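**Q** Please see the structure below; I have some questions.
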Amino acid sequence: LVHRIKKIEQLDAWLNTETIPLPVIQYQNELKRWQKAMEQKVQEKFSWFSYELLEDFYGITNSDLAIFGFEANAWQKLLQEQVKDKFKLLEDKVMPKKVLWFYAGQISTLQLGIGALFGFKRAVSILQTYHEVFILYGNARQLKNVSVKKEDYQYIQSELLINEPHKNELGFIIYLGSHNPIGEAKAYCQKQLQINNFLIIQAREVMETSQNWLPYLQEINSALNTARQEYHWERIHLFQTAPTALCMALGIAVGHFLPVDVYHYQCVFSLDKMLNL
Amino acid sequence: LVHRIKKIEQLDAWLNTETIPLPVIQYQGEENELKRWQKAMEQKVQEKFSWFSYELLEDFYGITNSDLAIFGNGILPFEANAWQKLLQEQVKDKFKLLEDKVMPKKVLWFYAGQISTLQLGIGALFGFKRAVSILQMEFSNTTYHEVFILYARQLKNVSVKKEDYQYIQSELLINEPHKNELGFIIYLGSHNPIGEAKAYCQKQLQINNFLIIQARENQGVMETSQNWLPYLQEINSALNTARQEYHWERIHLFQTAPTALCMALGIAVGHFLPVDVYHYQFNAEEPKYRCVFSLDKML
RNA sequence: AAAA
């Protein structure tokens, strides 16, 4: 029931628009504080948007846009319980008009699985006061640009170290966070999985929040494809620190195609198993 | 049985036209996402033929959304016989039956698909004798774009030579001239298959001759507004030039290519070539490649 | 490489 309408233009904007935003959060009363900020950020671009108006027009409640409640079976269960069908159900609810998602998240490692289940085919705005940092609407396809070679790298440096060409097990290191995991990741890969192959990605010089973060995704995708061009890899394990937006977009781009075992630092799930679980 | 039509302009436009769009799509998953995909495709077709509608299609030729969808429930099993059964029970006669459904009026297929490897078989069973608009979703605005227009001779053009290449770069590695078999590798997507397919060929097919095709400048992103017909022209010219000075008894196809490009390549090559297509399955144990079908065994 |  629509009863929170105040301005007459609000009804016109809510009934004669092409895209209806649905801000979604990934939180483990803090949701109310997080959803208030998320409702304000979309209000910057859509002053006609309101959570009460959204629940009146389409029934998308506040709990309907948030999944709450050694990363393990608990992590994969929270992944498959609501996240797997959330986007499909919400897009089914607003069936005529297109959907412009607004995504924020909390857990870095779980954000990779959330993005992989989320897909590369969603017009999204990934926000990181919350500031939008990933713009994949309006331009989106550029997220999968792997054309940037190793020589013309501007933001980050990639180094590939291979010690067992016969063994097709490569480690994935992305040093784009707070604490450098390079030594710990090397010890873990050389001690537990006995993997001597690592694909480290480090910064060339945390980030500029105001600026668009697409070149980071383009550079990591290009480095991964360049590494996979000449050699064969059966399995990839990540060992990284990253912002929510960066890993979320990496999961969006790489997706479920590559055989990847995402681990969390303080395996858990499999990127190819998101479509299987 | 016209009952879901309100205006008369759509009625008269449907009655007195020559081309009737039959937008056929392929999906593997849930029916709700199939309905959403069909709705987006219907919007794209109405952008060009405003009188089009699924309800009008059903009221005019008695044809539902099922006939326009190559639909399968869940993930396709990673078995060659399963893919062959899908190609034969569904795709082998689908286009023939849809063509026969509307006999006096020409059909204009507005095609998009989901599984890239399947699109080669769809194009092979499709044939160059059908004028077709091949689409590709641009994800900035969540809308299709007509990247191939065949409504078709320039589809099967050859006159472009290697020195005049502008879009793709092609190389031919012939290390064993005695062996009359090579692997066709295409990389015009965002996940490089060169290493994995080369390892598969050299460890499971014992083939050391390759035809590698990539993009020249912008690999992984192709302008969905611009026509992709030159891309396929370059690819087909490279393929035929590789088959001019050499005889290839059998070809092996691995590709990370757009769905639109895959279907365009399938319709250009057709079944007049000895190629086995190998599909990469994400949720599969190593080896993740498998000869799902052969291009020369369709008929 | 399962709407690239």
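Numbering starts fresh at 1 for the residues of each chain in the structure tokens, the chains themselves are lettered A, B, ... in the order given, and ligands are numbered from 1 as they appear.
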At a cut-off of 6 Å, list the chain B residues touching chain C, using only C-alpha atoms (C1' of nucleotides), as a list in words.
**A** residues 113, 114, 115, 189, 256, 257, 258 and 280 of chain B
**Q** Considering only C-alpha atoms, tabulate each residue of chain B that lies at most 10 Å from chain A along with its nearest interatomic pair and the corresponding distance in Å to one decimal; arrange the rows by chain and ascending residue number and present them as a tab-separated table.
**A**
residue	atom	partner	partner_atom	distance
B:29	CA	A:275	CA	10.0
B:30	CA	A:88	CA	9.7
B:32	CA	A:92	CA	7.2
B:33	CA	A:88	CA	7.3
B:35	CA	A:92	CA	9.3
B:36	CA	A:95	CA	7.5
B:39	CA	A:96	CA	8.3
B:40	CA	A:98	CA	9.2
B:74	CA	A:276	CA	9.4
B:75	CA	A:276	CA	8.2
B:137	CA	A:121	CA	8.5
B:138	CA	A:141	CA	7.1
B:139	CA	A:121	CA	5.8
B:140	CA	A:137	CA	4.0
B:141	CA	A:138	CA	5.7
B:142	CA	A:123	CA	6.8
B:143	CA	A:98	CA	9.4
B:187	CA	A:229	CA	9.8
B:189	CA	A:144	CA	8.3
B:190	CA	A:144	CA	5.8
B:191	CA	A:225	CA	6.1
B:192	CA	A:225	CA	5.3
B:193	CA	A:229	CA	6.8
B:194	CA	A:229	CA	5.3
B:195	CA	A:231	CA	4.8
B:196	CA	A:232	CA	4.8
B:197	CA	A:232	CA	8.4
B:198	CA	A:232	CA	8.3
B:199	CA	A:232	CA	6.5
B:200	CA	A:232	CA	9.1
B:215	CA	A:147	CA	8.6
B:216	CA	A:147	CA	8.9
B:217	CA	A:147	CA	6.6
B:218	CA	A:147	CA	5.0
B:219	CA	A:147	CA	4.6
B:220	CA	A:145	CA	4.7
B:221	CA	A:145	CA	5.3
B:222	CA	A:141	CA	8.4
B:223	CA	A:141	CA	8.8
B:224	CA	A:141	CA	9.1
B:280	CA	A:257	CA	8.6
B:281	CA	A:257	CA	7.6
B:282	CA	A:257	CA	4.7
B:283	CA	A:272	CA	5.2
B:284	CA	A:272	CA	8.4
B:285	CA	A:234	CA	8.9
B:286	CA	A:234	CA	7.0
B:287	CA	A:234	CA	8.5
B:288	CA	A:234	CA	8.9
**Q** Print the selection's residues with N, CA and C atoms to a file, as a short mmCIF file (atom, residue, chain, number, x, y, z; two decimals), in the first residue's frame.
**A**
data_model
loop_
_atom_site.label_atom_id
_atom_site.label_comp_id
_atom_site.auth_asym_id
_atom_site.auth_seq_id
_atom_site.Cartn_x
_atom_site.Cartn_y
_atom_site.Cartn_z
N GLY B 29 18.72 -23.32 -17.36
CA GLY B 29 18.55 -22.93 -15.97
C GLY B 29 17.11 -22.98 -15.50
N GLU B 30 16.66 -21.92 -14.84
CA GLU B 30 15.31 -21.83 -14.32
C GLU B 30 14.39 -21.13 -15.33
N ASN B 32 12.07 -18.84 -14.69
CA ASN B 32 11.87 -17.42 -14.43
C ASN B 32 12.91 -16.58 -15.16
N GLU B 33 14.17 -16.99 -15.11
CA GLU B 33 15.20 -16.30 -15.87
C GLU B 33 14.97 -16.43 -17.37
N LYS B 35 11.97 -16.47 -18.74
CA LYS B 35 10.94 -15.48 -19.01
C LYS B 35 11.53 -14.07 -19.05
N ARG B 36 12.46 -13.77 -18.13
CA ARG B 36 13.11 -12.46 -18.15
C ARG B 36 13.92 -12.25 -19.43
N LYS B 39 11.61 -11.62 -22.25
CA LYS B 39 11.06 -10.27 -22.17
C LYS B 39 12.05 -9.24 -22.70
N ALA B 40 13.33 -9.37 -22.32
CA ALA B 40 14.35 -8.45 -22.83
C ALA B 40 14.48 -8.57 -24.34
N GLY B 74 18.46 -26.85 -15.54
CA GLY B 74 19.70 -27.05 -14.82
C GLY B 74 20.92 -27.02 -15.72
N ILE B 75 22.05 -27.36 -15.11
CA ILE B 75 23.32 -27.41 -15.83
C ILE B 75 23.33 -28.62 -16.74
N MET B 137 23.81 -9.00 -25.66
CA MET B 137 23.48 -8.08 -24.58
C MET B 137 24.64 -7.16 -24.24
N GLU B 138 24.38 -5.86 -24.30
CA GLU B 138 25.25 -4.86 -23.70
C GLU B 138 24.78 -4.65 -22.27
N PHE B 139 25.68 -4.83 -21.32
CA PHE B 139 25.30 -4.89 -19.91
C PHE B 139 25.32 -3.53 -19.24
N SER B 140 25.71 -2.47 -19.95
CA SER B 140 25.61 -1.13 -19.40
C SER B 140 24.16 -0.72 -19.19
N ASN B 141 23.30 -1.03 -20.16
CA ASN B 141 21.89 -0.66 -20.09
C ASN B 141 20.98 -1.88 -20.12
N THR B 142 21.54 -3.08 -20.10
CA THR B 142 20.80 -4.34 -20.12
C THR B 142 19.84 -4.39 -21.31
N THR B 143 20.43 -4.30 -22.49
CA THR B 143 19.68 -4.37 -23.73
C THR B 143 20.53 -5.04 -24.79
N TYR B 187 40.39 -16.89 -29.30
CA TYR B 187 40.35 -16.17 -28.03
C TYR B 187 39.88 -14.75 -28.32
N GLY B 189 37.15 -13.62 -26.16
CA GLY B 189 36.46 -13.34 -24.92
C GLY B 189 37.40 -12.79 -23.86
N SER B 190 37.07 -13.08 -22.60
CA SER B 190 37.83 -12.54 -21.48
C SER B 190 38.56 -13.60 -20.66
N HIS B 191 38.53 -14.86 -21.07
CA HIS B 191 39.24 -15.93 -20.37
C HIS B 191 40.08 -16.68 -21.38
N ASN B 192 41.40 -16.63 -21.22
CA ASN B 192 42.31 -17.16 -22.22
C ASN B 192 42.26 -18.68 -22.26
N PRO B 193 41.88 -19.29 -23.38
CA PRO B 193 41.91 -20.75 -23.50
C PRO B 193 43.15 -21.31 -24.20
N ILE B 194 44.12 -20.46 -24.55
CA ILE B 194 45.25 -20.91 -25.37
C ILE B 194 46.06 -21.98 -24.64
N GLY B 195 46.43 -21.70 -23.39
CA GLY B 195 47.27 -22.65 -22.66
C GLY B 195 46.56 -23.96 -22.39
N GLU B 196 45.32 -23.90 -21.92
CA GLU B 196 44.60 -25.12 -21.56
C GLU B 196 44.28 -25.96 -22.79
N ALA B 197 43.82 -25.34 -23.87
CA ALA B 197 43.57 -26.08 -25.10
C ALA B 197 44.84 -26.62 -25.74
N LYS B 198 45.95 -25.87 -25.66
CA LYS B 198 47.22 -26.38 -26.17
C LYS B 198 47.67 -27.60 -25.37
N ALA B 199 47.53 -27.55 -24.05
CA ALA B 199 47.87 -28.70 -23.22
C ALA B 199 46.96 -29.89 -23.54
N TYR B 200 45.68 -29.63 -23.77
CA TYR B 200 44.75 -30.70 -24.13
C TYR B 200 45.13 -31.33 -25.46
N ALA B 215 42.39 -10.92 -30.70
CA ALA B 215 42.11 -9.57 -31.14
C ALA B 215 43.41 -8.79 -31.33
N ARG B 216 43.34 -7.74 -32.14
CA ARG B 216 44.53 -6.94 -32.42
C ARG B 216 44.85 -5.99 -31.27
N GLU B 217 43.89 -5.13 -30.91
CA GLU B 217 44.14 -4.09 -29.92
C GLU B 217 43.35 -4.29 -28.63
N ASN B 218 42.02 -4.38 -28.71
CA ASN B 218 41.16 -4.43 -27.53
C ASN B 218 40.64 -5.85 -27.35
N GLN B 219 41.44 -6.68 -26.69
CA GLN B 219 41.03 -8.05 -26.41
C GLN B 219 40.12 -8.09 -25.19
N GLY B 220 39.01 -8.81 -25.32
CA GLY B 220 38.06 -8.96 -24.25
C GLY B 220 36.87 -8.02 -24.32
N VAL B 221 36.99 -6.93 -25.07
CA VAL B 221 35.90 -5.98 -25.24
C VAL B 221 35.78 -5.67 -26.73
N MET B 222 34.59 -5.89 -27.28
CA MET B 222 34.28 -5.51 -28.65
C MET B 222 33.08 -4.58 -28.63
N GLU B 223 33.15 -3.50 -29.41
CA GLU B 223 32.09 -2.50 -29.44
C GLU B 223 30.79 -3.13 -29.90
N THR B 224 29.83 -3.28 -28.98
CA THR B 224 28.58 -3.94 -29.30
C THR B 224 27.70 -3.09 -30.21
N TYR B 280 34.45 -26.36 -22.76
CA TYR B 280 35.05 -26.25 -21.43
C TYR B 280 33.92 -26.12 -20.42
N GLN B 281 33.83 -27.08 -19.50
CA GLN B 281 32.82 -27.07 -18.45
C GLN B 281 33.45 -26.61 -17.15
N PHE B 282 32.80 -25.65 -16.49
CA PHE B 282 33.40 -25.05 -15.30
C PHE B 282 33.36 -26.01 -14.11
N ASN B 283 32.24 -26.69 -13.90
CA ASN B 283 32.08 -27.60 -12.77
C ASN B 283 32.42 -29.04 -13.16
N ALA B 284 33.60 -29.24 -13.73
CA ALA B 284 34.01 -30.55 -14.20
C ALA B 284 35.44 -30.83 -13.74
N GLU B 285 35.70 -32.10 -13.44
CA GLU B 285 37.04 -32.52 -13.07
C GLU B 285 37.94 -32.57 -14.30
N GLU B 286 39.24 -32.43 -14.06
CA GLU B 286 40.20 -32.43 -15.15
C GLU B 286 40.23 -33.80 -15.83
N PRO B 287 40.25 -33.85 -17.17
CA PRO B 287 40.26 -32.73 -18.12
C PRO B 287 38.89 -32.07 -18.28
N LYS B 288 38.86 -30.75 -18.40
CA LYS B 288 37.61 -30.01 -18.49
C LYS B 288 37.15 -29.79 -19.92
#
**Q** For residue A:78, list every protein, DNA or RNA residue within 9 Å, evaluated using only C-alpha atoms (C1' of nucleotides), and leave out those in the same chain fewer than 5 positions away; present the list as a list in words.
**A**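 Once the nearby chain positions are removed, what remains is residues 67, 68, 69, 73 and 83 of chain A.
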**Q** Save the residues we just selected, N, CA and C atoms, as a compact mmCIF listing (two decimals), in the first residue's frame?
**A**
# COMPACT_ATOMS: atom_id res chain seq x y z
N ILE A 67 21.26 -10.20 3.68
CA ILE A 67 21.44 -11.55 4.19
C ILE A 67 22.22 -11.43 5.49
N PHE A 68 21.53 -11.62 6.61
CA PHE A 68 22.12 -11.52 7.94
C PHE A 68 21.77 -12.77 8.75
N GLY A 69 22.15 -12.74 10.03
CA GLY A 69 21.89 -13.85 10.92
C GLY A 69 22.80 -13.86 12.13
N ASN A 73 31.35 -24.58 6.16
CA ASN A 73 29.97 -24.94 5.85
C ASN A 73 29.00 -23.82 6.20
N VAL A 83 21.48 -15.73 -0.81
CA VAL A 83 22.19 -14.96 -1.83
C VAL A 83 21.98 -15.56 -3.22
**Q** Give the alpha helix (DSSP H) residues of stretch 31-93 of chain A, as DSSP finds them on the backbone, and put them as a PyMOL selection string.
**A** chain A and resi 31-45+51-58+73-78+84-93
**Q** Which residues in stretch 46-244 of chain A does DSSP call strand (DSSP E)? List them as a PyMOL selection string.
**A** chain A and resi 98-105+124-127+132-136+156-161+169-175+197-203+235-238
**Q** Could you please determine the separation between atom CA of residue A:223 and atom CA of residue B:182 in Å, to one decimal place?
**A** 28.0 Å
**Q** Please build the interface table for stretch 43-154 of chain A against stretch 9-12 of chain A with a cut-off of 9 Å, listing for each qualifying residue the nearest atom pair and the distance in Å to one decimal; count only C-alpha atoms, order rows by chain and increasing number, and write it as JSON lines.
**A**
{"residue": "A:47", "atom": "CA", "partner": "A:10", "partner_atom": "CA", "distance": 8.5}
{"residue": "A:48", "atom": "CA", "partner": "A:10", "partner_atom": "CA", "distance": 5.2}
{"residue": "A:49", "atom": "CA", "partner": "A:10", "partner_atom": "CA", "distance": 8.0}
**Q** Keeping only C-alpha atoms, write those residues as a compact mmCIF listing (two decimals), in the first residue's frame.
**A**
# COMPACT_ATOMS: atom_id res chain seq x y z
CA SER A 47 15.90 11.82 -4.79
CA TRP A 48 12.54 10.08 -5.38
CA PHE A 49 13.75 6.86 -3.73
**Q** Quick one: everything within 7 Å of stretch 261-269 of chain B, counting only C-alpha atoms (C1' of nucleotides), minus sequence neighbours fewer than 3 positions away in the same chain. Send it as JSON, numbers by chain.
**A** {"B": [116, 119, 120, 121, 122, 123, 124, 126, 127, 128, 155, 156, 232, 257, 258, 272, 273]}
**Q** Please, could you write that set of residues out with N, CA and C atoms as a PDB file, in the first residue's frame?
**A**
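Output saved as result34.pdb:
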ATOM      1  N   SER B 116      28.264 -20.617 -25.139  1.00  0.00           N
ATOM      2  CA  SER B 116      28.999 -20.183 -26.324  1.00  0.00           C
ATOM      3  C   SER B 116      29.346 -21.354 -27.234  1.00  0.00           C
ATOM      4  N   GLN B 119      26.619 -22.519 -29.605  1.00  0.00           N
ATOM      5  CA  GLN B 119      26.239 -21.626 -30.696  1.00  0.00           C
ATOM      6  C   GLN B 119      26.859 -22.038 -32.021  1.00  0.00           C
ATOM      7  N   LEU B 120      28.010 -22.709 -31.993  1.00  0.00           N
ATOM      8  CA  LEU B 120      28.571 -23.236 -33.233  1.00  0.00           C
ATOM      9  C   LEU B 120      27.661 -24.299 -33.834  1.00  0.00           C
ATOM     10  N   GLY B 121      27.132 -25.194 -32.999  1.00  0.00           N
ATOM     11  CA  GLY B 121      26.169 -26.166 -33.488  1.00  0.00           C
ATOM     12  C   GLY B 121      24.865 -25.528 -33.926  1.00  0.00           C
ATOM     13  N   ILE B 122      24.420 -24.495 -33.204  1.00  0.00           N
ATOM     14  CA  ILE B 122      23.203 -23.788 -33.604  1.00  0.00           C
ATOM     15  C   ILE B 122      23.390 -23.135 -34.967  1.00  0.00           C
ATOM     16  N   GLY B 123      24.546 -22.510 -35.193  1.00  0.00           N
ATOM     17  CA  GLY B 123      24.817 -21.914 -36.491  1.00  0.00           C
ATOM     18  C   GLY B 123      24.970 -22.943 -37.593  1.00  0.00           C
ATOM     19  N   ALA B 124      25.575 -24.091 -37.276  1.00  0.00           N
ATOM     20  CA  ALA B 124      25.713 -25.155 -38.265  1.00  0.00           C
ATOM     21  C   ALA B 124      24.354 -25.708 -38.676  1.00  0.00           C
ATOM     22  N   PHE B 126      21.704 -23.996 -38.449  1.00  0.00           N
ATOM     23  CA  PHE B 126      20.933 -22.847 -38.907  1.00  0.00           C
ATOM     24  C   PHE B 126      21.080 -22.653 -40.412  1.00  0.00           C
ATOM     25  N   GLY B 127      22.308 -22.503 -40.881  1.00  0.00           N
ATOM     26  CA  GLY B 127      22.558 -22.377 -42.308  1.00  0.00           C
ATOM     27  C   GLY B 127      22.541 -20.936 -42.773  1.00  0.00           C
ATOM     28  N   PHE B 128      23.381 -20.653 -43.769  1.00  0.00           N
ATOM     29  CA  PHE B 128      23.476 -19.308 -44.322  1.00  0.00           C
ATOM     30  C   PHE B 128      22.258 -18.923 -45.148  1.00  0.00           C
ATOM     31  N   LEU B 155      28.819 -12.284 -45.392  1.00  0.00           N
ATOM     32  CA  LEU B 155      29.060 -13.292 -44.369  1.00  0.00           C
ATOM     33  C   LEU B 155      30.128 -14.281 -44.817  1.00  0.00           C
ATOM     34  N   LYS B 156      30.066 -14.720 -46.072  1.00  0.00           N
ATOM     35  CA  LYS B 156      30.963 -15.744 -46.598  1.00  0.00           C
ATOM     36  C   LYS B 156      32.035 -15.142 -47.500  1.00  0.00           C
ATOM     37  N   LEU B 232      34.225 -11.739 -38.138  1.00  0.00           N
ATOM     38  CA  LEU B 232      34.026 -13.054 -38.728  1.00  0.00           C
ATOM     39  C   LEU B 232      34.603 -13.130 -40.134  1.00  0.00           C
ATOM     40  N   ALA B 257      34.810 -17.084 -27.136  1.00  0.00           N
ATOM     41  CA  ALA B 257      34.302 -16.111 -28.086  1.00  0.00           C
ATOM     42  C   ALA B 257      32.900 -15.697 -27.680  1.00  0.00           C
ATOM     43  N   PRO B 258      32.463 -14.502 -28.083  1.00  0.00           N
ATOM     44  CA  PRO B 258      31.095 -14.078 -27.772  1.00  0.00           C
ATOM     45  C   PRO B 258      30.066 -15.024 -28.365  1.00  0.00           C
ATOM     46  N   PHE B 272      30.165 -27.884 -43.629  1.00  0.00           N
ATOM     47  CA  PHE B 272      31.097 -28.191 -44.713  1.00  0.00           C
ATOM     48  C   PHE B 272      32.549 -28.017 -44.256  1.00  0.00           C
ATOM     49  N   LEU B 273      32.877 -28.661 -43.133  1.00  0.00           N
ATOM     50  CA  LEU B 273      34.239 -28.651 -42.609  1.00  0.00           C
ATOM     51  C   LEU B 273      34.413 -29.737 -41.554  1.00  0.00           C
TER      52      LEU B 273
END
**Q** For the atom pair atom CA of residue A:245 and atom CA of residue A:268, what is the interatomic distance in Å to one decimal place?
**A**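 The value is 19.8 Å.
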